[PDB]
$ cat coords.cif   # mmCIF, C-alpha atoms
data_upload
#
loop_
_atom_site.label_atom_id
_atom_site.label_comp_id
_atom_site.auth_asym_id
_atom_site.auth_seq_id
_atom_site.Cartn_x
_atom_site.Cartn_y
_atom_site.Cartn_z
CA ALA A 1 16.86 17.27 -5.90
CA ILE A 2 15.95 15.28 -2.79
CA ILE A 3 13.67 12.74 -4.49
CA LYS A 4 15.73 11.33 -7.31
CA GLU A 5 14.56 9.77 -10.55
CA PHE A 6 15.44 6.38 -9.01
CA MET A 7 14.92 5.70 -5.35
CA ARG A 8 15.27 2.66 -3.12
CA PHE A 9 13.27 1.85 0.00
CA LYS A 10 13.26 -0.43 3.03
CA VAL A 11 10.10 -1.60 4.78
CA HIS A 12 9.27 -3.28 8.06
CA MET A 13 5.75 -4.56 8.92
CA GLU A 14 4.57 -5.79 12.37
CA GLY A 15 1.18 -7.36 12.11
CA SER A 16 -1.50 -9.67 13.36
CA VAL A 17 -4.46 -11.14 11.48
CA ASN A 18 -7.12 -12.97 13.47
CA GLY A 19 -4.67 -13.27 16.37
CA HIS A 20 -1.74 -14.57 14.27
CA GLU A 21 1.29 -12.41 14.84
CA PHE A 22 3.96 -11.90 12.16
CA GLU A 23 6.73 -9.58 10.93
CA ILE A 24 7.81 -8.85 7.35
CA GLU A 25 10.94 -7.16 6.05
CA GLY A 26 11.59 -5.95 2.62
CA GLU A 27 13.36 -3.76 0.15
CA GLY A 28 12.26 -2.10 -2.97
CA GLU A 29 13.04 0.32 -5.74
CA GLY A 30 11.47 2.34 -8.46
CA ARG A 31 11.04 5.52 -10.50
CA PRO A 32 9.01 8.00 -8.42
CA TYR A 33 8.19 10.40 -11.23
CA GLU A 34 7.22 7.58 -13.48
CA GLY A 35 4.97 5.90 -10.94
CA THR A 36 6.62 2.48 -10.92
CA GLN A 37 8.11 0.35 -8.22
CA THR A 38 9.03 -3.21 -7.23
CA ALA A 39 9.51 -4.81 -3.84
CA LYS A 40 10.94 -8.02 -2.46
CA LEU A 41 9.46 -8.99 0.87
CA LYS A 42 10.07 -11.79 3.28
CA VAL A 43 8.36 -13.13 6.35
CA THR A 44 10.80 -12.96 9.25
CA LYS A 45 8.55 -13.96 12.10
CA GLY A 46 5.33 -16.07 12.24
CA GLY A 47 5.63 -17.71 8.89
CA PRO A 48 4.25 -19.33 6.92
CA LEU A 49 1.27 -17.02 7.19
CA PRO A 50 -1.99 -18.70 7.66
CA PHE A 51 -3.91 -16.21 5.54
CA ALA A 52 -3.96 -14.63 2.11
CA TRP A 53 -1.02 -12.52 1.26
CA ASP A 54 -3.22 -10.23 -0.83
CA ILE A 55 -4.45 -8.36 2.26
CA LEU A 56 -0.89 -7.29 3.03
CA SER A 57 0.19 -6.40 -0.51
CA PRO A 58 -1.21 -2.80 -0.64
CA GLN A 59 0.52 -1.87 2.59
CA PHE A 60 4.00 -1.98 1.20
CA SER A 61 4.48 3.57 -1.12
CA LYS A 62 2.87 6.77 -2.16
CA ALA A 63 5.97 8.67 -3.07
CA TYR A 64 6.00 6.61 -6.34
CA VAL A 65 2.87 7.91 -7.91
CA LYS A 66 3.26 9.79 -11.19
CA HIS A 67 1.58 13.22 -11.03
CA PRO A 68 0.72 15.75 -13.71
CA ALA A 69 2.65 18.96 -13.17
CA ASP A 70 -0.52 20.83 -12.15
CA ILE A 71 -1.61 18.40 -9.36
CA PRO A 72 0.47 19.15 -6.27
CA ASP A 73 2.35 16.00 -5.27
CA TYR A 74 1.75 16.40 -1.60
CA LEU A 75 3.44 13.13 -0.60
CA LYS A 76 6.69 13.92 -2.56
CA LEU A 77 6.66 17.48 -1.14
CA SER A 78 6.55 16.19 2.42
CA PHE A 79 10.20 15.00 2.20
CA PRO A 80 12.70 14.88 3.63
CA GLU A 81 10.77 14.64 6.90
CA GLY A 82 8.04 12.53 5.38
CA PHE A 83 4.49 11.61 6.17
CA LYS A 84 2.26 9.18 7.97
CA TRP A 85 -0.85 7.35 6.99
CA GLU A 86 -3.70 5.58 8.62
CA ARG A 87 -6.04 3.15 6.83
CA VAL A 88 -9.25 1.22 7.46
CA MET A 89 -10.37 -1.65 5.18
CA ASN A 90 -13.85 -3.02 5.59
CA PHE A 91 -14.21 -6.27 3.78
CA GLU A 92 -17.61 -7.49 2.49
CA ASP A 93 -17.80 -10.48 4.89
CA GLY A 94 -16.99 -8.50 8.02
CA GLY A 95 -13.24 -8.78 8.11
CA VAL A 96 -11.46 -5.54 9.09
CA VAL A 97 -7.89 -4.38 8.62
CA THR A 98 -6.51 -1.24 10.22
CA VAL A 99 -3.06 0.03 9.32
CA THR A 100 -0.72 2.77 10.39
CA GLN A 101 2.43 3.73 8.59
CA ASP A 102 5.37 6.07 8.92
CA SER A 103 7.47 7.19 5.89
CA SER A 104 10.82 8.99 6.24
CA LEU A 105 13.99 9.52 4.21
CA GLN A 106 17.40 8.32 5.45
CA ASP A 107 20.61 8.44 3.50
CA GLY A 108 18.83 8.79 0.18
CA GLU A 109 16.43 5.97 0.89
CA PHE A 110 12.79 5.80 1.89
CA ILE A 111 12.17 4.08 5.20
CA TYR A 112 8.69 2.62 5.82
CA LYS A 113 7.44 1.27 9.14
CA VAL A 114 3.97 -0.36 9.05
CA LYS A 115 1.72 -1.76 11.80
CA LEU A 116 -1.28 -3.84 10.80
CA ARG A 117 -4.24 -5.36 12.66
CA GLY A 118 -6.59 -7.70 10.82
CA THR A 119 -9.66 -8.96 12.75
CA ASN A 120 -13.02 -10.73 12.32
CA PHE A 121 -12.29 -12.62 9.21
CA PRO A 122 -14.58 -15.63 9.01
CA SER A 123 -12.55 -18.75 9.47
CA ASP A 124 -14.17 -20.23 6.30
CA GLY A 125 -13.79 -17.08 4.23
CA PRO A 126 -11.40 -16.35 1.37
CA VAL A 127 -8.77 -14.65 3.48
CA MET A 128 -8.25 -17.32 6.09
CA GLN A 129 -8.73 -20.10 3.47
CA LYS A 130 -6.33 -18.51 0.94
CA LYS A 131 -8.86 -18.30 -1.87
CA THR A 132 -7.76 -14.94 -3.26
CA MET A 133 -5.94 -14.49 -6.62
CA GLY A 134 -4.78 -10.85 -6.62
CA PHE A 135 -6.35 -7.38 -7.15
CA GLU A 136 -8.16 -5.96 -10.04
CA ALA A 137 -6.81 -2.61 -11.14
CA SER A 138 -8.24 0.06 -8.83
CA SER A 139 -8.80 3.76 -8.67
CA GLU A 140 -8.24 5.77 -5.46
CA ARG A 141 -10.39 8.94 -5.26
CA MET A 142 -8.34 11.55 -3.47
CA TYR A 143 -9.46 14.74 -1.72
CA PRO A 144 -8.16 17.13 0.86
CA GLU A 145 -9.85 17.30 4.26
CA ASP A 146 -8.87 18.89 7.56
CA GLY A 147 -5.33 19.57 6.62
CA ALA A 148 -4.64 16.08 5.29
CA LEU A 149 -5.08 14.07 2.12
CA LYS A 150 -7.79 11.44 2.00
CA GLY A 151 -8.19 8.55 -0.34
CA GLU A 152 -11.13 6.23 -0.93
CA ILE A 153 -11.07 2.95 -2.90
CA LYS A 154 -13.47 0.09 -3.61
CA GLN A 155 -10.97 -2.77 -3.96
CA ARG A 156 -11.80 -6.08 -5.59
CA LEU A 157 -9.86 -9.25 -4.96
CA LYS A 158 -10.12 -12.04 -7.50
CA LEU A 159 -11.27 -15.41 -6.10
CA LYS A 160 -9.82 -18.79 -7.16
CA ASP A 161 -13.29 -20.16 -7.80
CA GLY A 162 -14.12 -17.11 -9.95
CA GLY A 163 -15.89 -13.94 -8.91
CA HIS A 164 -14.62 -11.30 -6.52
CA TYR A 165 -14.29 -10.38 -2.85
CA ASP A 166 -14.65 -6.60 -2.16
CA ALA A 167 -13.47 -4.13 0.45
CA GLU A 168 -14.10 -0.53 1.05
CA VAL A 169 -10.91 1.31 1.95
CA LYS A 170 -10.29 4.75 3.35
CA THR A 171 -6.90 6.28 4.15
CA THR A 172 -5.70 9.52 5.63
CA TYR A 173 -2.25 10.67 4.47
CA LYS A 174 -0.65 13.48 6.45
CA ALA A 175 2.64 15.25 5.85
CA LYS A 176 4.80 15.83 8.92
CA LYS A 177 5.12 19.54 7.90
CA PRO A 178 2.36 21.52 6.20
CA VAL A 179 3.01 21.34 2.43
CA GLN A 180 0.60 22.12 -0.37
CA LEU A 181 -2.54 19.90 -0.63
CA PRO A 182 -4.03 19.13 -4.04
CA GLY A 183 -7.67 19.27 -4.97
CA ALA A 184 -9.79 16.28 -5.78
CA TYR A 185 -8.26 13.87 -8.31
CA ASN A 186 -7.89 10.16 -8.99
CA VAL A 187 -5.07 7.66 -8.86
CA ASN A 188 -5.13 4.60 -11.10
CA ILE A 189 -3.21 1.73 -9.47
CA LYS A 190 -2.37 -1.78 -10.56
CA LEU A 191 -0.57 -4.02 -8.12
CA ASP A 192 0.72 -7.45 -9.15
CA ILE A 193 2.39 -10.26 -7.32
CA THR A 194 5.24 -11.05 -9.73
CA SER A 195 6.72 -14.01 -7.89
CA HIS A 196 6.43 -15.99 -4.74
CA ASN A 197 7.52 -19.26 -3.23
CA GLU A 198 5.11 -21.99 -2.33
CA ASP A 199 4.23 -20.79 1.12
CA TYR A 200 4.53 -17.04 0.39
CA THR A 201 7.44 -16.54 2.75
CA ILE A 202 9.23 -14.77 -0.12
CA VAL A 203 7.20 -12.50 -2.35
CA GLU A 204 7.86 -10.04 -5.09
CA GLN A 205 5.51 -7.25 -6.09
CA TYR A 206 5.19 -4.65 -8.75
CA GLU A 207 3.00 -1.52 -8.72
CA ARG A 208 2.20 1.21 -11.19
CA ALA A 209 0.26 4.32 -10.00
CA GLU A 210 -0.64 7.44 -11.88
CA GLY A 211 -2.65 10.49 -10.83
CA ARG A 212 -5.18 11.82 -13.32
CA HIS A 213 -7.48 14.87 -13.30
CA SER A 214 -11.01 14.38 -12.29
CA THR A 215 -12.00 17.92 -13.43
CA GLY A 216 -10.81 20.37 -16.03
#
$ encode --input "coords.cif" --output "structure tokens"
Amino acid sequence: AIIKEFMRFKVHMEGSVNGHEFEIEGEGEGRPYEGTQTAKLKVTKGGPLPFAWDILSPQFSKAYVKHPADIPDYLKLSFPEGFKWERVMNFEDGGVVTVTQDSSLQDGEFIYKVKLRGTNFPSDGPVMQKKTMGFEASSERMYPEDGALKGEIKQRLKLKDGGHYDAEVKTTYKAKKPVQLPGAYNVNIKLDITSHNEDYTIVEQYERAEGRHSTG
């Protein structure tokens, strides 16, 4: 009963990228068992951002992944208490993002707190020059390890001038209380920026995510 067919969330991010400090607040909603969600975010401090929004977009919700009945939905099971995650993104030109996140449930709503540190992006590269044009659809390879759930993705960002800008991403997801881990499987994700204002101080996103078997 505790995760309903429709759930709202609130999110706060505190971040810095190449020294530039910012905060973002947002709200979102979706259908956790169907794997869909939308979010409306705004920059509250340090805007307009002097880098590509795209590096922030995947930081804003793993309770909304559709799972087959026979793949334990570890992140849904973790509630009400919730879970935490920790992520490293190594971009192809030496930029690095590290992220930590806490997810909890309050009054029927998911509450997300995110901290983000982006460093070593080349000043002439696509992130600091805002040359990115969104993500290709991705697949996260998931596996259990040392009592937590790991996920690995090769992400590709589209470039305005054509071609792609890649990152390797690895995340550890850990429930606050031990609940059942799945085996190895994959999650197919597509994240789109649906709307934004000129300077990306107001941004809307949509994501669809669905777990699939990788054996059987």
$ axis_aligned_box --input "coords.cif" --around "region 38-49 of chain A" --padding-each-side "5 Å" --output "AutoDock Vina command-line options"
--center_x 6.1 --center_y -11.3 --center_z 2.5 --size_x 19.7 --size_y 26.1 --size_z 29.5
$ closest_residue --input "coords.cif" --among "A:14, A:81, A:140, A:107" --to "residue 56 (chain A)" --atoms "all atoms listed in the file"
A:14
$ atom_distance --input "coords.cif" --atom1 "CA of residue 73 (chain A)" --atom2 "CA of residue 189 (chain A)"
15.9 Å
$ residues_around --input "coords.cif" --residues "residue 182 (chain A)" --least-positions-apart "2" --cutoff "10 Å" --atoms "all atoms listed in the file" --output "PyMOL selection string"
chain A and resi 70-74+142-144+148-149+179-180+184-185
$ residues_around --input "coords.cif" --residues "residue 210 (chain A)" --least-positions-apart "3" --cutoff "6 Å" --atoms "all atoms listed in the file" --output "VMD selection string"
chain A and resid 35 65 to 66 187 to 188
$ closest_residue --input "coords.cif" --among "A:63, A:137, A:128, A:11" --to "residue 75 (chain A)" --atoms "all atoms listed in the file"
A:63
$ residues_around --input "coords.cif" --residues "residue 90 (chain A)" --least-positions-apart "3" --cutoff "9 Å" --atoms "all atoms listed in the file" --output "count of residues only"
11
$ resolve_selection --input "coords.cif" --expression "the PyMOL selection byres ((chain A and resi 61) around 12)" --output "PyMOL selection string"
chain A and resi 7-11+27-32+35-39+57-60+62-66+75-76+82-85+101-104+110-114+173+189+191+205-209
$ resolve_selection --input "coords.cif" --expression "the PyMOL selection byres ((chain A and resi 160) around 8)" --output "list in words"
residues 131, 132, 133, 158, 159, 161, 162 and 163 of chain A
$ residues_around --input "coords.cif" --residues "region 18-21 of chain A" --least-positions-apart "6" --cutoff "8 Å" --atoms "all atoms listed in the file" --output "PyMOL selection string"
chain A and resi 45-46+50+118-121
$ write_last_selection --input "coords.cif" --atoms "C-alpha atoms" --output "PDB file, in the frame of the given file"
ATOM      1  CA  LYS A  45       8.550 -13.960  12.100  1.00  0.00           C
ATOM      2  CA  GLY A  46       5.330 -16.070  12.240  1.00  0.00           C
ATOM      3  CA  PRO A  50      -1.990 -18.700   7.660  1.00  0.00           C
ATOM      4  CA  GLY A 118      -6.590  -7.700  10.820  1.00  0.00           C
ATOM      5  CA  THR A 119      -9.660  -8.960  12.750  1.00  0.00           C
ATOM      6  CA  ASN A 120     -13.020 -10.730  12.320  1.00  0.00           C
ATOM      7  CA  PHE A 121     -12.290 -12.620   9.210  1.00  0.00           C
TER       8      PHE A 121
END
$ residues_around --input "coords.cif" --residues "residue 145 (chain A)" --least-positions-apart "5" --cutoff "10 Å" --atoms "only C-alpha atoms" --output "PyMOL selection string"
chain A and resi 150+172+181+183
$ write_last_selection --input "coords.cif" --atoms "C-alpha atoms" --output "PDB file, in the coordinates of the input"
ATOM      1  CA  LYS A 150      -7.790  11.440   2.000  1.00  0.00           C
ATOM      2  CA  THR A 172      -5.700   9.520   5.630  1.00  0.00           C
ATOM      3  CA  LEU A 181      -2.540  19.900  -0.630  1.00  0.00           C
ATOM      4  CA  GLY A 183      -7.670  19.270  -4.970  1.00  0.00           C
TER       5      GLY A 183
END
$ closest_residue --input "coords.cif" --among "A:6, A:91, A:79, A:22" --to "residue 49 (chain A)" --atoms "all atoms listed in the file"
A:22
$ closest_residue --input "coords.cif" --among "A:213, A:2, A:106, A:201" --to "residue 24 (chain A)" --atoms "all atoms listed in the file"
A:201
$ atom_distance --input "coords.cif" --atom1 "CA of residue 67 (chain A)" --atom2 "CA of residue 12 (chain A)"
26.4 Å
$ atom_distance --input "coords.cif" --atom1 "CA of residue 126 (chain A)" --atom2 "CA of residue 157 (chain A)"
9.6 Å
$ residues_near_point --input "coords.cif" --point "(18.4, 18.0, -4.1)" --cutoff "12 Å" --atoms "all atoms listed in the file" --output "list in words"
residues 1, 2, 3, 4, 5, 79, 80 and 108 of chain A
$ closest_residue --input "coords.cif" --among "A:43, A:127, A:99, A:202" --to "residue 165 (chain A)" --atoms "all atoms listed in the file"
A:127
$ closest_residue --input "coords.cif" --among "A:86, A:146, A:25, A:109" --to "residue 42 (chain A)" --atoms "only C-alpha atoms"
A:25
$ resolve_selection --input "coords.cif" --expression "the PyMOL selection byres ((chain A and resi 52) around 6)" --output "PyMOL selection string"
chain A and resi 51+53-54+127+130
